[PDB]
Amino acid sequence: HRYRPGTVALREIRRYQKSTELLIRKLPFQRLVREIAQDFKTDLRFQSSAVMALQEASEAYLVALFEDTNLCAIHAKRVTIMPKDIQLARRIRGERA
């Protein structure tokens, strides 16, 4: 038995728009924060909640960006999000020149 392309996708959309769980695995993301902080100031520690803060903020940001990117895709009679969609989303937001 096969589900048509797009059907498990739509199922996934419904699932995740219902949950509140973080969708990035905690440890890879934590390594990323420390790598980045390290480039600004060396010998730094983090309260556990601060990484948490950064992951809530990071994910809310990205989720909100895919909403915007998705609309741009649809604006172009497409259904697939592409880099040019993120780029336009970010430009119209004034995040990017």
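We number the residues from 1 along the sequence you see.
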- If you average the CA temperature factors over each stretch, which comes out higher, 59-67 or 27-35? 27-35
- Comparing 70-78 with 11-19, which stretch shows the greater average C-alpha B-factor in the deposited entry? 11-19
- Task: Rank-wise, by C-alpha B-factor, drop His1 into the lowest, middle or highest third of its chain.
- Result: highest
- Report the third (lowest, middle or highest) to which the CA temperature factor of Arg96 belongs, ranking only the modelled residues of the same chain. highest
